[PDB]
Amino acid sequence: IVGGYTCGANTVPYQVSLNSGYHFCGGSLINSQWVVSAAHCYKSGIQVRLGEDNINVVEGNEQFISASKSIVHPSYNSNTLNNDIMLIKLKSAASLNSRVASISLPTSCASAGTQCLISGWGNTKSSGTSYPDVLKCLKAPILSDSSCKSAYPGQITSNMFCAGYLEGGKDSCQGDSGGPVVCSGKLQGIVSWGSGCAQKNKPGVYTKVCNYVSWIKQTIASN
Ligand SMILES: [NH3+]CCc1ccccc1
Ligand SMILES: [Ca+2]
């Protein structure tokens with residue numbers, strides 16, 4: 001997260017860290033046995049880490065649970081990042097509590113200008129590299145679909161939206177991939193891609209979760 005702030009421990013209780021020996025992506029807890037992330041985060045050997053603040057220190061609220069199954073969206077296209085969403089089932093149910101909680105799925109899509117909370121353990125620099133140990137947060141509005149498409153001609157589909165600031169300085173970045181965009185209490189986006197981080201006229205692009213709610217709910221119920 002560039003241009004953001006320290007969330008404070010367990011203030012984002014649905015935020016998960018995906019770990020394969022190291023943090024590599026975020027995700028969101030949507031019920032006690034299922035996490036939503038980005039399809040471009042797919043890999044074998046995933047451990048889900050819930051209740052994290054400092055990912056390098058055991059602080060007392062963590063739950064580490066191996067993934068039993070990953071389900072990349074049937075139509076994921078890794079070239080274009082269309083349909084950049086993946087479900088991860090936990091080998092055992094998370095113990096839900098204050099510091100570990102699910103986030104609701106949308107009931108409908110969110111509107112341009114809606115303010116959202118984006119969070120992660122990604123790079124905090126727009127030039128260079130600095131990875132935080134504690135969770136970072138950013139408040140950012142959903143941008144109009146026309147400014148998004150103008151920013152990235154030929155690359156935005158109906159399954160994507162942009163959020164952030166056209167002036168730059170505030171954005172998601174490397175290592176934030178897969179994590180949540182929460183607006184009005186609902187998971188409306190997943191950190192997906194962009195052109196660099198926090199650059200002018202290059203806002204973050206996010207998977208548009210409201211298009212996937214029927215797939216998510218059907219998939220979970222059948223798995
Ligand atoms: N705003 C761009 C976020 C991002 C950065 C690098 C890889 C994936 C996603
Ligand atoms: Ca920790």
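What is reported rests on the model, the rules as stated and the sources as named; nothing here is a laboratory result. Backbone-built Cβ (ideal geometry, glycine too); neighbour counts: all protein chains shown.
Return the total of residues in the stretch 46-102 being small (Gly, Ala, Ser), away from ligand 2 (no atom under 14 Å from the Cβ) and closer than 30 Å to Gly8 by Cβ.
Number satisfying all stated conditions: 9.
What are the residues in the stretch 76-87 that are among the hydrophobic types (A, V, I, L, M, F, W, C) and part of a loop (DSSP other than H, G, I, E, B), if any?
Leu81, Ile85
Can you tell me how many residues within the stretch 23-46 are more than 16 Å from ligand 1 (Cβ to nearest atom) and either in a loop (DSSP other than H, G, I, E, B) or among the polar types (S, T, N, Q) (or both)?
Just the residues of the stretch 23-46 that are more than 16 Å from ligand 1 (Cβ to nearest atom), to begin with: 29-35, 44-46.
Still in the list and also either in a loop (DSSP other than H, G, I, E, B) or among the polar types (S, T, N, Q) (or both): 31-33, 44-46.
Result for the stretch 23-46: 6.
Here is a check on your reading of the model: is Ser20 surrounded by fewer than 17 Cβ atoms within 10 Å (Cβ to Cβ), among the polar types (S, T, N, Q) and farther than 25 Å from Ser78 by Cβ?
Here the answer is no, as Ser20 does not meet what is asked.
For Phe24, are the conditions met, namely being within 16 Å of ligand 2 (Cβ to nearest atom) and either among the β-branched types (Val, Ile, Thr) or closer than 25 Å to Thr80 by Cα (or both)?
Judged against the criteria, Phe24 is a match.
I'd like the full set of residues that are surrounded by fewer than 17 Cβ atoms within 10 Å (Cβ to Cβ), in contact (Cβ under 8 Å) with a residue 40 or more places away in the chain and either β-branched (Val, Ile, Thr) or closer than 16 Å to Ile46 by Cα (or both), limited to the stretch 59-77.
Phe64, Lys69
Do we have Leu18 as within 16 Å of ligand 2 (Cβ to nearest atom), in contact with a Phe, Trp or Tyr (Cβ under 8 Å, 6 or more places away or on another chain) and among the aliphatic types (A, V, I, L, M) here?
yes
Got at least one residue in the stretch 78-99 being under 21 Å from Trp193 (Cβ atoms), more than 16 Å from ligand 1 (Cβ to nearest atom) and free of Cβ contacts under 8 Å to residues at least 24 places away in the same chain?
no
List the number of the failed condition for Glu52; all other conditions in (1) charged (D, E, K, R); (2) farther than 22 Å from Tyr206 by Cα; (3) surrounded by fewer than 17 Cβ atoms within 10 Å (Cβ to Cβ) hold.
Condition (3) is where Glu52 drops out.
Given (1) on the phi < 0 side of the Ramachandran plot; (2) away from ligand 2 (no atom under 16 Å from the Cβ); (3) assigned by CATH to the domain that holds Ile1; (4) not β-branched (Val, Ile, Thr), identify the lone condition not met by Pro132.
(2)
Please return the ranges of strands (runs of 3 or more DSSP E) entirely within the stretch 173-223 where 1 or more residues are of a type in the set (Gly, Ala, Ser) and more than 16 Å from ligand 2 (Cβ to nearest atom).
Correct list: 186-193, 204-208.
Matching residues to (1) among the hydroxyl-bearing types (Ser, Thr, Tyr); (2) part of a loop (DSSP other than H, G, I, E, B):
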residue: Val48; (1), (2): no, no
residue: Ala67; (1), (2): no, no
residue: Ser70; (1), (2): yes, no
residue: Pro74; (1), (2): no, yes
residue: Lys89; (1), (2): no, no
residue: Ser108; (1), (2): yes, yes
